[PDB]
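Single-structure report; data block below.
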Amino acid sequence: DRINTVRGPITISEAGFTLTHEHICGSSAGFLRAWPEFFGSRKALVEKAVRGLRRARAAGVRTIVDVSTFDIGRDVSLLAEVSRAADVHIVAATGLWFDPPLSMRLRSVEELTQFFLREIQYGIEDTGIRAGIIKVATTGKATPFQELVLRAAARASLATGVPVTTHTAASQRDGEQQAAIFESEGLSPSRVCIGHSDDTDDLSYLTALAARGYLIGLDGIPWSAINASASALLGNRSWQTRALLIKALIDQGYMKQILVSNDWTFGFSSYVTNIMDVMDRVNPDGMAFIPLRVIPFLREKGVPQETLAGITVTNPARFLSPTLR
Amino acid sequence: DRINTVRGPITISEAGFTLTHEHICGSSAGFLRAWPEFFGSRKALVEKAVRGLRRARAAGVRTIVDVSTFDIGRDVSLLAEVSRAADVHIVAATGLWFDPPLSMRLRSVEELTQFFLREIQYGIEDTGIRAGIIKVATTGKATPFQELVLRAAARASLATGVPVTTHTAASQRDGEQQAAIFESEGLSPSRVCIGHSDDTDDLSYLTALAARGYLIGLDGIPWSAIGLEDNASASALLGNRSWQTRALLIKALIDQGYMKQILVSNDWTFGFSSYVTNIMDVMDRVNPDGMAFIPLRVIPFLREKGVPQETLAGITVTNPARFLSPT
Ligand SMILES: [Co+2]
Ligand SMILES: [Co+2]
Ligand SMILES: [Co+2]
Ligand SMILES: [Co+2]
């Protein structure tokens with residue numbers, strides 16, 4: 035039941051404090067290799083990533099789950115280099131996000147299942163690095179292709195025991211549609227995380243999924259823009279409003295169904311040019327925002343350490359551990 | 035006299051018979067590295083590519099211009115490996131086609147000009163291999179992003195002298211909007227090939243572009259789905275126009291007095307992942323000659339139709355030579 039990382043298999047006890055939805059670099063397939071000067075240089079991106087992960091480590095984080103898929107420009111060699119120099123375990127991902135190229139979008143469910151399985155059972159590229167999580171996406175009502183991906187992600191999870199994590203348009207209640215698709219394939223709700231759930235205030239949506247066994251991804255707490267580009271991406275809602283949703287779900291009793299993270303990055307190319315510079319101004323803490331700002335905020339709101347350590351250590355370790363239920 | 039190939043700089047006299055629009059692998063950025071099993075294996079694709087290029091070489095081909103851009107999944111390491119093993123010069127490309135990812139789509143004209151210049155002046159990725167052509171595209175009326183890419187291509191061409199080649203929806207007469215954008219930037223027509231021009235029978239459209247100095251890419255001569263109208267996917271891609279109809283356009287433009295403006299190719303590939311699954315198998319059944327189709331079938335066909343050997347040698351050797359030479 036060992037969890038696969040970019041450096042090799044680790045046990046449940048070695049995982050520790052885990053951020054379930056992070057990115058070393060938010061890019062596009064082949065971009066980092068073709069145009070490293072966009073990030074200054076590859077060396078400059080590595081140096082920035084090592085510094086940010088070491089800051090996260092000093093604050094308490096032992097493992098981060100890089101949910102960067104093929105189309106988000108996942109570079110496992112970059113992930114391996116920064117994991118080694120920072121002494122933070124990184125769990126790599128397979129799956130598809132909302133920017134698949136023609137070679138991915140014209141594939142059948144059988145073919146996409148084989149691709150996700152290739153990255154989990156054999157390895158990513160020629161590196162032998164196996165993925166320990168599957169990332170998928172929907173932005174409103176699922177397109178015939180997005181449904182096909184969710185099904186392929188479910189089938190790949192049922193043959194390996196590896197978990198599935200999603201990107202949602204939470205306000206449009208995507209988690210319910212994704213649920214219906216995952217359940218029709220026979221996937222256990224305990225192997226799924228309905229991510230970006232901190233984008234909505236609808237508690238009757240979050241509790242309904244958490245009661246069925248789904249893990250709720252309140253994975254982007256520092257995302258706030260309190265000018266168009268930063269506002270359209272990060273949103274109008276504050277970090278406190280997103281952190282009060284962690285509190286609200288513990289008050290509903292569904293404490294064991296919570297996964298917290300930052301959804302941060304050290305390189306961003308899939309959006310406008312200076313978005314990374316604006317993001318580093320909004321949150322200078324980076325990935326260290328959860329143990330330095332969110333946890334002490336929840337402690338001052340009435341949530342004990344036994345509960346917060348269960349959300350950060352026990353919940354991700356149970357989520358990442360290969361099993362069918 | 036000098037052009038950049040995947041094996042390094044060569045003199046233009048060494049280029050010889052050149053196919054101006056080919057692909058070793060029609061894919062997507064990062065696809066070949068992440069899923070080589072789609073093509074059997076990377077080794078299987080290489081061996082298939084080497085066999086095909088060696089057969090094309092035995093038929094007379096000395097150089098092919100791989101117009102695969104970043105988003106067509108250009109893997110220059112593969113291009114170099116196959117070029118060396120087959121002993122056929124391969125010119126690599128920069129530019130952007132019609133499947134750019136978000137990291138390319140959100141860029142400004144200035145940023146894309148810098149990316150194209152990097153691949154031409156510095157190198158592709160960390161390989162040191164420099165692009166000798168810029169490939170761009172439109173599929174009907176140009177989107178604001180396509181117009182931006184064409185401007186960046188024009189600016190990269192003006193600074194380096196490397197030619198620009200295009201994908202067009204010839205039936206929509208795309209070459210005219212492309213030409214208008216290129217000339218508004220000050221780019222000379224002699225540095226541009228309006229490709230996929232064999233997809234139209236409109237001689238008025240072709241001759242007018244040729245009269246302005248544009249090179250006309252009659253680049254997919256074996257593309258035909260005749261006999262397989264049963265297959266919806268093969269018909270939508272390959273079309274229902276015969277290889278003979280496509281080849282007769284070469285003769286039509288020669289007869290109009292535009293022999294110096296013609297560039298001929300197959301637009302072939304050894305790996306195809308950017309469309310339906312078994313398309314490569316279907317294509318190999320329609321044309322077993324592959325890239326060798328031009329010298330084995332098209333040249334003897336045109337000779338039998340009355341076109342002199344010297345005119346055909348001028349189209350396959352002299353025209354690509356003048357086109358690829360930086361100026
Ligand atoms: Co997301
Ligand atoms: Co994310
Ligand atoms: Co084309
Ligand atoms: Co082509």
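Those protein sequence lines, which keep their order, are chains B and A.
Count the first sequence with PDB author numbering and you get residues 35 to 260, 265 to 363, in order.
Using PDB author numbering, read the second sequence as starting at 35 and increasing by one per residue.
We put the beta carbon where it would ideally sit given N, CA and C, even for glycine.
Cβ-based contacts, 7 Å cut-off: residues of the stretch 39 to 70 of chain A near chain B: Going along the stretch 39 to 70 of chain A in chain order, one finds 61, 62, 63, 64, 65, 67, 68 and 69 with a Cβ nearer than 7 Å to chain B.
Check whether residue 50 of chain B and residue 310 of chain B have beta carbons under 8 Å apart: No, the Cβ-Cβ distance between residue 50 of chain B and residue 310 of chain B is not below 8 Å.
Sequence ranges, alpha helix (DSSP H) only - wholly within the stretch 233 to 293 of chain A, length at least 4: For secondary structure counted as the alpha helix (DSSP H) over 4 or more consecutive residues, the stretch 233 to 293 of chain A holds these complete runs in sequence order: 237 to 245, 266 to 272 and 277 to 289.
Residues in the stretch 92 to 105 of chain B having any Cβ partner in chain A nearer than 9 Å: So the close ones are 104 and 105.
Cutoff 8 Å: residue 263 of chain B Cβ touching any chain A Cβ: Missing here is residue 263 of chain B: after 260, the next number in chain B is 265.
Reduced DSSP category for residue 204 of chain A - H, G, I as helix; E, B as strand; rest coil: Helix at residue 204 of chain A.
Separation of residue 255 of chain B from residue 234 of chain B, as counted between CA atoms: In a straight line, the C-alpha of residue 234 of chain B is about 12 Å away from that of residue 255 of chain B.
Per DSSP, the bridge partner or partners of residue 36 of chain A: The partner list for residue 36 of chain A (beta bridge, DSSP) reads A:45.
Complete beta strand (DSSP E) runs within the stretch 136 to 183 of chain B (minimum length 3 residues, chain order): Within the stretch 136 to 183 of chain B, the complete beta strand (DSSP E) runs of at least 3 residues are 167 to 171.
Closer than 8 Å to chain A by CB, residue 135 of chain B: Residue 135 of chain B counts as touching chain A.
Close Cβ partners of residue 206 of chain B (< 7 Å) along its chain, the five nearest in sequence each way excluded: Taken in chain order, the residues that qualify are 174.
Test: residue 81 of chain B CB closer than 8 Å to a CB of chain A: Residue 81 of chain B does not count as touching chain A.
Residue 226 of chain A beta carbon near ligand 4 (any heavy atom closer than 7 Å): Taken from the Cβ of residue 226 of chain A, every heavy atom of ligand 4 lies 7 Å or farther away.
Identified DSSP bridge partners for residue 123 of chain B: Answer is B:97.
Range covered by the beta strand (DSSP E) that runs through residue 297 of chain B: Where residue 297 of chain B is concerned, the enclosing beta strand (DSSP E) starts and stops at 296 to 298.
First and last residue of the uninterrupted alpha helix (DSSP H) at residue 345 of chain A: Segment 343 to 347, the alpha helix (DSSP H) holding residue 345 of chain A.
Short CB-CB distance (under 8 Å) between residue 113 of chain A and chain B: For residue 113 of chain A, the answer is no, since every Cβ of chain B falls outside 8 Å of its Cβ.
Cβ-Cβ distance between residue 246 of chain B and residue 213 of chain B below 8 Å: By the CB criterion at 8 Å, residue 246 of chain B and residue 213 of chain B fall inside the cutoff.
Unbroken stretches of the beta strand (DSSP E), 3 residues or longer, contained in the stretch 57 to 108 of chain A: For the stretch 57 to 108 of chain A, whole beta strand (DSSP E) runs of length 3 or above, ordered along the chain, are 97 to 100.
Reference residue 52 of chain B, options B:230, B:288, B:85 and B:100, closest by Cα: Ranking the options by Cα distance to residue 52 of chain B, first place goes to B:100.
Segment contact, 8 Å Cβ cut-off, at least three pairs: the stretch 285 to 293 of chain A with the stretch 261 to 276 of chain A: Three or more Cβ pairs closer than 8 Å define a contact, and the stretch 285 to 293 of chain A falls short of that threshold against the stretch 261 to 276 of chain A.
Close beta carbons around residue 110 of chain B, own chain, < 7 Å, minus the five adjacent residues each side: Shown here for residue 110 of chain B: same chain residues with a beta carbon closer than 7 Å to its own, the five before and five after excluded, namely 40, 126, 158, 159, 161 and 163 in chain order.
Heavy atom of ligand 1 within 7 Å of residue 57 of chain B beta-carbon: No.
Identified DSSP bridge partners for residue 53 of chain B: Paired residues: B:98.
7 Å CB neighbourhood of residue 36 of chain B in its chain, flanking five on each side removed: Beyond the five residues adjoining it in sequence on each side, residue 36 of chain B comes within less than 7 Å, by CB distance, of 43, 44 and 45 in the same chain, given in chain order.
Chain B contact for residue 179 of chain A (CB, 8 Å cutoff): Not one beta carbon of chain B lies nearer than 8 Å to the beta carbon of residue 179 of chain A.
Rounded separation between residue 250 of chain B and residue 115 of chain A - CA only: Computed Cα separation, rounded: 48 Å.
Contact test: residue 101 of chain B Cβ vs ligand 2 heavy atom, cutoff 7 Å: Answer for residue 101 of chain B: yes, Cβ within range of ligand 2.
Cut-off 8 Å between Cβ atoms - residues of its own chain near residue 253 of chain A, not counting five sequence neighbours on either side: Closer than 8 Å at the Cβ level, and outside the excluded window around residue 253 of chain A, lie 54, 55, 229, 230, 231, 232, 297, 298, 299, 300 and 301.
Cutoff 8 Å: residue 138 of chain A Cβ touching any chain B Cβ: By this cut-off, residue 138 of chain A is an interface position.
Three CB pairs or more closer than 8 Å across the stretch 178 to 193 of chain A and the stretch 141 to 159 of chain A: Yes, the stretch 178 to 193 of chain A touches the stretch 141 to 159 of chain A.
Proximity of residue 112 of chain B and residue 167 of chain B at Cβ, strictly below 8 Å: A distance of 8 Å or more separates the beta carbons of residue 112 of chain B and residue 167 of chain B.
Under 7 Å from the C-beta of residue 149 of chain B: neighbouring residues of chain A: Result: 69.
Under 8 Å between C-beta atoms of residue 329 of chain B and residue 93 of chain B: Against a cut-off of 8 Å, the Cβ pair of residue 93 of chain B and residue 329 of chain B comes out as a contact.
Contact under 8 Å by Cβ, residue 121 of chain A with residue 91 of chain A: Yes, the Cβ-Cβ distance between residue 121 of chain A and residue 91 of chain A is below 8 Å.
Residue 107 of chain A classed as buried or exposed, judged by whether at least 16 other C-beta atoms fall within 10 angstroms: Looking at its Cβ environment, which holds 16 or more other Cβ atoms inside 10 Å, residue 107 of chain A is buried.
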